[PDB]
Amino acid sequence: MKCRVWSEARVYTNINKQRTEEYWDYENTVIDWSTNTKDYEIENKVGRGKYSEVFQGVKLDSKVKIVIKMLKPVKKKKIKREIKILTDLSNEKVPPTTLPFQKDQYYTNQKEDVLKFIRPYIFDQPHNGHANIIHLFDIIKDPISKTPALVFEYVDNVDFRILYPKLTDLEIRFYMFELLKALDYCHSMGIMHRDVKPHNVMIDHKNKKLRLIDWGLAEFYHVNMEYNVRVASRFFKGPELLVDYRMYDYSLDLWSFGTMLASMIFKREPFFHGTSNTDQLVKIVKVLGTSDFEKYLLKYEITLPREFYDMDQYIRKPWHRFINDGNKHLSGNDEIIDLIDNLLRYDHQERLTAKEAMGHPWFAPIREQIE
């Protein structure tokens, strides 16, 4: 019961009032494990993360190449949550983002101060964002090792530290547009991803194919719910997580998207490089400035956690200052700077929504090629 000023999502506010217990209540599901990995031939390791080791394999009946995510020990409800979210997203018969746009059903937060953040531009067309969500094929648990495991669609992915430096301006615009479609869809489904970052974005470059993976930290959005702030990874944590504003929403994903984008555009990786939890906030404020930070704390009447009282006064760094000859081919236009500026805001309510971001001028060359 931490928050003083209450906050609600600007968009898609009431999805989980519309949808009921059988959709969002992951704790009261029972996982239908497959008793055997007999349907699969498990090959070599293709990746890892904080919560898993991931192995390439083949589904023997169809010969489809898959991955198997072997889950490290965690609370069992986290496993139920990942499975529920993945199945909700894949099993929706008519993805809401494929339907005709309805503004009154979109901008659902009707507070006067929140409505001022509606942008003059918006992508208002149906889209295939649901097709950018990784597909879960099976749930398996070996009888001998007792290891819970998730079988997914395989993506032929290269580490971002190898791929991203090779990408052209137009290719970054393309892929980041694909990511926004995925986010618009999961948000429309009343779900926050909460771990948006390069390692969780599979790209098969030769097939121009993008998948948003790793749904293990995702959560259902409920109006005025206070969430744990110890989620995501240090470098991608929004200001709300650092100052312990627990009543956050889908906009957290857009901060993460923005920080990922800022890294690609300015070629500084990671963009906010904190040496500790404390210093992570310092790295952010060093950029956005102390002045707007304090206005933000005042707006929500946030009592700053104890650790941040040794913070110095910082003058805002204009984005222009991040431009240099190494990156100017990606950063040297007004459009990208304005996009980044409108994503990376202290106040979560101020940030572009996925749909607004998709309608931003920077994506014009991508939108042009849709029809």
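Counting begins at 1, following the sequence as shown. Just so we're on the same page, rigid core means the largest C-alpha set that superposes within 1.5 Å between forms.
Asks: After a core fit, does 200-208 or 146-154 show the bigger CA gap to the shown form in 4 other deposited structures of this protein?
Replies: Larger mean C-alpha displacement, comparing 146-154 and 200-208 in 4 other deposited structures of this protein, is found in 146-154.
Asks: Do the Cα atoms of 253-261 or of 135-143 sit farther, on average, from the shown structure in 4 other deposited structures of this protein when the rigid core is superposed?
Replies: The answer is 135-143, which departs more from the shown form in 4 other deposited structures of this protein.
Asks: I need to verify one thing: averaged over C-alpha atoms only, is the B-factor higher for 264-272 or for 189-197?
Replies: It is 264-272.
Asks: Out of 249-257 and 284-292, which stretch has the higher average CA B-factor listed in the record?
Replies: Per the PDB record, 284-292.
Asks: Just grab whichever of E219, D244, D159, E112 has the top CA B-factor as deposited.
Replies: Comparing C-alpha B-factors across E219, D244, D159, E112, the maximum falls on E112.
Asks: Kindly indicate the residue among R173, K75, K237, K181 with the greatest C-alpha B-factor in the PDB record.
Replies: The listed residue with the largest C-alpha B-factor is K75.
Asks: Classify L344 as lowest, middle or highest third according to the C-alpha B-factor given in the PDB entry, relative to its own chain.
Replies: Ranked within chain, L344 CA B lands in the lowest tercile.
Asks: If you rank every modelled residue in this chain by C-alpha B factor, which third holds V229: lowest, middle or highest?
Replies: Middle third - that is where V229 ends up once the chain's C-alpha B-factors are sorted.
Asks: Taking the chain's C-alpha temperature factors as the reference, tell me which third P100 falls into: lowest, middle or highest.
Replies: Tercile = middle for this residue's CA B-factor.
Asks: What third of the chain does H127 rank in for C-alpha temperature factor, lowest, middle or highest?
Replies: It belongs to the lowest third of the chain when residues are ordered by C-alpha B-factor.
Asks: Relative to the other modelled residues in the chain, which third contains the C-alpha temperature factor of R211: lowest, middle or highest?
Replies: Lowest third - that is where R211 ends up once the chain's C-alpha B-factors are sorted.
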